[PDB]
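What follows is one structure encoded as structure tokens, with my remarks underneath.
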Amino acid sequence: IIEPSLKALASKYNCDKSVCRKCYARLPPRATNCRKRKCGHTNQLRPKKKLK
Amino acid sequence: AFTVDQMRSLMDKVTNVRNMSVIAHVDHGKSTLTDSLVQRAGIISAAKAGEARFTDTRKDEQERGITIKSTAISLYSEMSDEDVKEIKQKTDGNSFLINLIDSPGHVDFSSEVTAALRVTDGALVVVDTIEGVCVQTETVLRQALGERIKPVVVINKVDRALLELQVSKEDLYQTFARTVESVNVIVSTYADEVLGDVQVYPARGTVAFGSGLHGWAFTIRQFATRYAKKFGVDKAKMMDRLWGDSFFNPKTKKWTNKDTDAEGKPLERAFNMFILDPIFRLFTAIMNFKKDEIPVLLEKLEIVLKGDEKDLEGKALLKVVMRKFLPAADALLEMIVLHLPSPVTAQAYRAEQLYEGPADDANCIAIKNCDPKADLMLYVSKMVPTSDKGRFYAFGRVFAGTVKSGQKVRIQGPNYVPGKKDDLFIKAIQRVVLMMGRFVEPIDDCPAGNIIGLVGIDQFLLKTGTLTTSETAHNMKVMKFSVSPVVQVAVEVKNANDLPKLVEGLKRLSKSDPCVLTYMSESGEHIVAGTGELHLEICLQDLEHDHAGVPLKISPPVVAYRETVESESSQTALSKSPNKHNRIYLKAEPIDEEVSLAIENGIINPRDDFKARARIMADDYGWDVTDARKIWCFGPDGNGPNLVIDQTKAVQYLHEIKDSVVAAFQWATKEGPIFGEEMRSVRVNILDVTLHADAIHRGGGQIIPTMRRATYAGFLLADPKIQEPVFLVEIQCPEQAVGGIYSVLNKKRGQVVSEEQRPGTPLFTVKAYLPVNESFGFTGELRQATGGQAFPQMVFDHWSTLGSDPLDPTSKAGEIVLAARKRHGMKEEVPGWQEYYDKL
Amino acid sequence: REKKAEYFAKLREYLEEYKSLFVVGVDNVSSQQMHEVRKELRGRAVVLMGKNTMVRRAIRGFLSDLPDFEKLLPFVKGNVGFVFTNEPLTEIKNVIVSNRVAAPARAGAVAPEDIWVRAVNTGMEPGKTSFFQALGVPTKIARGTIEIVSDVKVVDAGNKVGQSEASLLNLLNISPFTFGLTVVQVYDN
Amino acid sequence: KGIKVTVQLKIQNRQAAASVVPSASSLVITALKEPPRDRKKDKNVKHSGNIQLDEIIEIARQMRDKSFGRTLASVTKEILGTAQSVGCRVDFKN
RNA sequence: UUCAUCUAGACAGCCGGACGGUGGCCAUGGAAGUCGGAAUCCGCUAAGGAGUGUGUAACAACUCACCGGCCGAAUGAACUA
Ligand SMILES: CO[C@H]1[C@@H](O)[C@H](O)[C@H](OC[C@@]23C[C@@H]4[C@H](C)CC[C@H]4[C@@]4(C=O)C[C@@H]2C[C@H](C(C)C)[C@@]34C(=O)O)O[C@@H]1C
Ligand SMILES: Nc1nc2c(ncn2[C@@H]2O[C@H](COP(=O)(O)OP(=O)(O)CP(=O)(O)O)[C@@H](O)[C@H]2O)c(=O)[nH]1
Ligand SMILES: [Zn+2]
């Protein structure tokens, strides 16, 4: 365990970002095109699942 | 121990006797601190052999680092009598035996701590530094605290924080701070109103700590006392005002309460400059492999280290120095003789919980005074075995009288009052032997409050026992103990011959340990119960040998499917026999499901006179008054779920056909057509019959067909549905993490019943109907959804109703009649409607 | 804009004839029991704490029956709001500042000022007593009551309200998150 | 007494215990509607009723949890009817 | 292309409320602002949905819809090739 106010520092910057649906890159918490070119800027995103 | 064999002079000196129970988490540190406690004894392999682990006693303990059960400990400890009158007790002797028992963690096992906790005289729980309280040190300590008992916490493993965790002067004091405070707040969850004064205070010498690997401990006394030989007087003053205040010491010796120096700088720790600056200086100095600071620092504290023991750097220079400073023998056992009661003091509030009668008879003064001259009863719960097949010791404790070898005492049972002649036994005892760790020592007599092994009496008690010799007294309690009746496993011998070794194997395994339970199926099969999974692993693994003598095989158990019809038996069915001899019309009226709970219990027992049950049917069920017309006798086995009809035409029939019609439909009312076995709340209505002959052209093998397709057919014509049992379980846990219970019941086809409060907020159990067909690992996934602290209880109550249409192989019921038909052995469920519906 | 036309007429009908004008810039508020001070203030003065028309609140005084309407055109900032009465305003100001009901912050939002915590009694069962490891206060149970051993700070200047240590701060019942009804400008006629 | 989980009004302070009702949301519906309002709602669902059964509803306005203040019974009668999805009590607004 | 919004201060951005009725009706052991069944509501209003989404097992703690302040203007969607 650590202090949860500092957990709001680390988990925001590695954990609670967004993810693509067709090639599984990590995406910022508002995006609409998976910026890696291979899936072709697809409009299919979702939240990365919750902590534990 | 050097008390060999002076261990009888100390047992009559009853003020000099104490005994405890160290219960904690699993990979936690119990079975090595006890090895320092008996490293004081001259029974371990001295110099050095630290990892003694005297709970070994067996294999599958040393290879795992684990504990199942453990015997006691004898010892005697030497000290000064100035160092002992801090107890209130008027004790005279200098030597003290600590006849030590204990019991492990393991939430699976944790009915076993009750058998060694309703018998002991003090609770000494063990807590890690870096972990704090774990989840079941507190639950397993508070099952039970309602005894009363004296919970003295003894934390340990400060070395793991001390070298790995890089602990500083403040953070480890915050570790003891939040650990000790967060563990003693929970002690007064159900502490009593006056004698619940067992709030752990450190400065009163209670919270001793150290390492099992480095093998040492101390509370604040023995670094206030050998420190109090210098630098002032006295022990109670500088030990009392300690722990927060603090002093200054760069220029002055003022003892304030604040945090600010006169120019503004923060002061210090009161703790780690007084009392543990040598542990930072010691091990932080040693673990950099310096050679300049350790002899001079050895001169800084208590000349000298001995002999050869200088040069051995590398974990021996580490390993021997605190052992030179202090043992855990003049530390922890010093705390044990200071603040822990004798049985003559602690037993006075002990057996009003344990004595079933009112405070009336000679035991209500001879237990309270714990007379050594009085009657000779005791109490026995756990049954430790020895290295034979098993002629297992009765772990007993006498509460009254000096018990004697070669003695004749009455024996009683679990739930028994001595009025009747059944199950009280009058035998004599073989031998009265004592035990330390893995060894034994025979004795002759003992006063009250002393646990002894008891030889040979084990044949005549089941998992618990009292054995009295003043036959007006009562039984001693069973308390309705704790966790885990709980789970079921089908068990079966191979190769079809060692059934006697199995049945003697488990009827002796039942007397082996009281935590497990065993019983028989609906079919008389061999299922064994259990407390969880790894318990059945650890003992039902070695039901292989030492318990039975033949290897076995394990299978999940077969749920008792039942059969039901409910609605109207759609068509008036007909049956023509394979000989052209008769026709059968019928229109079955399945009775309500009130006879499901109204066919067994004492409201009706059939084959009475034929008017009294007419009063019960007309006055209680809703039938007519002309039911005395209706019925004669039914099936199966007397106790069947039917009582027969008369919709036959009342002209002549059924007094020459009954003797092979009521002797015909036992199948099917003991073994049925759709799934295979019997049915309840059923009622066929034979409208028409035919016997176109006399009693020489009918008979046995001609008339025992007659229901050959009849109540088979019109049984199976309406809907019918197969039927299941659904348990009445309850699950107890506090409301930190109840959130998994309702959800996991929802994912396992369960039913919430209620929710209950209590004066506090622990143990908020929930009543839940939970069906048997998915009730197998339910305790296990309940542990995965809670994480430990939720203790199921499970019992049978009733027979519910299933409705997923078994006659068509589509749904859940079609699946279980399908695969359970494949293990039944016969093939498909019959389509029919030309079979069983002969169109006449 | 024709639904913004009923922001004209609801501002027209109050700015015709009456006595006072009193604007209040209320960014931070707690609406619930301050419009129970529209229920104790039921029919006293309907507030108009409305739209971005700070330019056209002073432009649209083209009637010039009271030509002092041009006051807030160089006030294109602040959340203005009109109340009015023909009564002495000195007595209502005693009660419309006493709307200092407060709640916890936004689970970790801003903080007004550093708060010192003494050892004062509350008197409940031991509830969150085993849940003081985030802040780390020495606090002891005695007589079935919660008593504080030593004084440990909670907040510090520069840092704000949190969620670990300040969730339990209103188990001690102070009022950080209100920002009550604050005076901006008062004038008669 | 109530089928909806009812809020009550009683403080626990030194012999003060009498279950009185605050005239809350589902609490005027128990009194004004038919005496089958505490009864006949175990299997039933009944979103019906349009008979003008009262015109003097305002004899609980000093009890009905002061919200709109200045008018006798204007605002409450279009609150209920929707908040009171049993009936509507008026031909005023639906 | 079509339908819209505004220098009468639009859009994004941060500061702010995010209610009283009323922990709305049934349902639900319980379903309290956010969980199933229909409907679908006024006062305060600057605002409030039977609430956008987390949240306890039912609560309490969080995010907006609406419109307040920021500063000075052009933006928003659906589409079409
Ligand atoms: C240990 O305490 C209790 C509870 O654990 C529980 O009530 C358990 O239930 C076992 C069952 C008892 C039923 C009666 C004996 C007749 C039908 C039996 C069951 C059906 O197979 C219903 C429950 C569940 C078990 C299986 C086989 C389906 C039963 C069985 O033991 O066979 O019994 C023990 C004694
Ligand atoms: N570092 C360190 N490890 C210890 C200490 N005491 C025990 N261990 C570790 O624990 C294990 C030995 O088991 P031990 O902890 O003594 O007993 P236990 O955990 O109580 C066993 P049970 O709880 O089942 O009775 C080893 O892995 C050993 O390294 C200690 O003081 N320091
Ligand atoms: Zn991409």
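Every chain in the structure tokens has a letter given in the order shown (A, B, ...), and although residue numbers restart at 1 in each chain, ligands are simply numbered from 1 in the order shown.
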If we count only C-alpha atoms (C1' of nucleotides) and set the cut-off at 8 Å, which residues sit around residue B:71, ignoring sequence neighbours fewer than 4 positions away in its own chain? Please answer as a ChimeraX atom specification. /B:55,100-102,435-438
Can you write out the residues you just picked, keeping N, CA and C atoms, as a JSON list (two decimals), in the first residue's frame?
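As a result, out.json now contains:
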[["chain", "number", "residue", "atom", "x", "y", "z"],
["B", 55, "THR", "N", 6.66, -28.38, 16.37],
["B", 55, "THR", "CA", 5.38, -28.86, 15.89],
["B", 55, "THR", "C", 5.52, -29.86, 14.74],
["B", 100, "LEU", "N", 3.21, -25.45, 27.42],
["B", 100, "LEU", "CA", 2.71, -24.63, 26.32],
["B", 100, "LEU", "C", 2.07, -25.45, 25.22],
["B", 101, "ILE", "N", 0.84, -25.07, 24.85],
["B", 101, "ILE", "CA", 0.18, -25.57, 23.66],
["B", 101, "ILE", "C", -0.03, -24.39, 22.72],
["B", 102, "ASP", "N", -0.54, -24.68, 21.52],
["B", 102, "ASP", "CA", -0.88, -23.68, 20.52],
["B", 102, "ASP", "C", -1.74, -24.32, 19.44],
["B", 435, "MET", "N", 2.85, -34.97, 27.89],
["B", 435, "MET", "CA", 3.68, -34.80, 26.71],
["B", 435, "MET", "C", 4.25, -33.40, 26.63],
["B", 436, "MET", "N", 5.55, -33.34, 26.35],
["B", 436, "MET", "CA", 6.19, -32.18, 25.76],
["B", 436, "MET", "C", 6.19, -32.38, 24.25],
["B", 437, "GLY", "N", 6.99, -31.59, 23.53],
["B", 437, "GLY", "CA", 7.10, -31.73, 22.09],
["B", 437, "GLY", "C", 7.68, -33.07, 21.66],
["B", 438, "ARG", "N", 6.80, -33.92, 21.09],
["B", 438, "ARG", "CA", 7.08, -35.18, 20.40],
["B", 438, "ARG", "C", 7.46, -36.31, 21.37]]
Enumerate, as a PyMOL selection string, the complete set of residues in stretch 19-56 of chain D that a backbone-based DSSP assignment places in helix (DSSP H, G or I). chain D and resi 28-32
Find the residues of chain E in contact range of chain D, meaning any atom within 8 Å when counting only C-alpha atoms (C1' of nucleotides), and list them as a PyMOL selection string. chain E and resi 20-22+24-26+39-44
With a distance cut-off of 12 Å and only C-alpha atoms (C1' of nucleotides), select the neighbouring residues of residue C:67, excluding the residue or stretch itself and same-chain residues fewer than 4 positions from it, and output the selection as number ranges by chain. C: 15-16, 58-63, 71, 189
Dump C-alpha atoms for the selected residues as a compact mmCIF listing (two decimals), in the first residue's frame?
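Writing the result to part_33.txt gives the following:
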# COMPACT_ATOMS: atom_id res chain seq x y z
CA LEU C 15 -35.93 47.05 -13.37
CA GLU C 16 -38.90 49.40 -13.75
CA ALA C 58 -26.09 48.42 -18.80
CA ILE C 59 -26.63 49.04 -22.52
CA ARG C 60 -30.38 48.30 -22.40
CA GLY C 61 -31.12 51.05 -19.88
CA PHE C 62 -32.38 53.17 -22.78
CA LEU C 63 -35.49 54.16 -20.80
CA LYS C 71 -22.67 50.77 -14.06
CA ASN C 189 -32.02 54.28 -6.33
Within 10 Å of stretch 253-259 of chain B, counting only C-alpha atoms (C1' of nucleotides), which residues qualify if same-chain residues fewer than 5 places away don't, as a list in words?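 My list of contacting residues is residues 241, 242, 244, 245, 246, 247, 248, 264, 265, 266, 267, 268, 269 and 270 of chain B.
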What do you get as an MDAnalysis selection string if you pick all residues at most 8 Å from ligand 2, counting only C-alpha atoms (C1' of nucleotides) and all ligand atoms? chainID B and resid 23:33 51 53 55 65:68 103:105 156:160 210:215
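The chain B residues that come within 7 Å of chain E are residues 738, 739, 742 and 754 of chain B, with only C-alpha atoms (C1' of nucleotides) taken into account.
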Selected residues written out with N, CA and C atoms, as a PDB file, in the first residue's frame:
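result_0.pdb written:
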ATOM      1  N   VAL B 738     -18.853  -7.208   2.093  1.00  0.00           N
ATOM      2  CA  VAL B 738     -20.031  -8.037   1.855  1.00  0.00           C
ATOM      3  C   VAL B 738     -20.356  -8.110   0.366  1.00  0.00           C
ATOM      4  N   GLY B 739     -19.961  -7.091  -0.403  1.00  0.00           N
ATOM      5  CA  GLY B 739     -20.304  -6.923  -1.809  1.00  0.00           C
ATOM      6  C   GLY B 739     -20.089  -8.077  -2.771  1.00  0.00           C
ATOM      7  N   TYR B 742     -23.609 -11.207  -2.191  1.00  0.00           N
ATOM      8  CA  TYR B 742     -24.853 -11.112  -2.955  1.00  0.00           C
ATOM      9  C   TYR B 742     -24.618 -11.353  -4.441  1.00  0.00           C
ATOM     10  N   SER B 754     -32.534 -12.959   3.866  1.00  0.00           N
ATOM     11  CA  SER B 754     -32.623 -11.928   4.880  1.00  0.00           C
ATOM     12  C   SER B 754     -31.282 -11.213   4.986  1.00  0.00           C
TER      13      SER B 754
END
Give as an mmCIF file with C-alpha atoms, in the first residue's frame every residue of chain B that touches chain C within 10 Å, counting only C-alpha atoms.
data_model
loop_
_atom_site.group_PDB
_atom_site.id
_atom_site.type_symbol
_atom_site.label_atom_id
_atom_site.label_comp_id
_atom_site.auth_asym_id
_atom_site.auth_seq_id
_atom_site.Cartn_x
_atom_site.Cartn_y
_atom_site.Cartn_z
ATOM 1 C CA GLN B 174 4.963 4.476 12.962
ATOM 2 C CA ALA B 177 2.237 2.703 16.270
ATOM 3 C CA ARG B 178 -0.371 1.924 13.642
ATOM 4 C CA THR B 179 0.058 -1.846 14.040
ATOM 5 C CA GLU B 181 -3.103 0.748 17.873
ATOM 6 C CA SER B 182 -4.962 -0.833 14.970
ATOM 7 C CA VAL B 183 -4.743 -4.238 16.681
ATOM 8 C CA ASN B 184 -5.793 -3.164 20.184
ATOM 9 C CA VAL B 185 -8.791 -1.117 19.035
ATOM 10 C CA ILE B 186 -10.295 -4.387 17.749
ATOM 11 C CA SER B 188 -12.700 -4.289 22.682
ATOM 12 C CA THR B 189 -15.111 -5.399 19.966
ATOM 13 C CA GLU B 193 -17.913 -4.513 31.051
ATOM 14 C CA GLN B 199 -6.330 -3.285 26.096
ATOM 15 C CA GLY B 244 6.907 9.789 22.916
ATOM 16 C CA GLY B 760 -21.671 -3.823 16.731
ATOM 17 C CA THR B 761 -20.709 -4.423 13.160
#
Ligand 3: which residues are within 9 Å, counting only C-alpha atoms (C1' of nucleotides) and all ligand atoms? Reply as a PyMOL selection string. chain A and resi 20+22-27+33-42
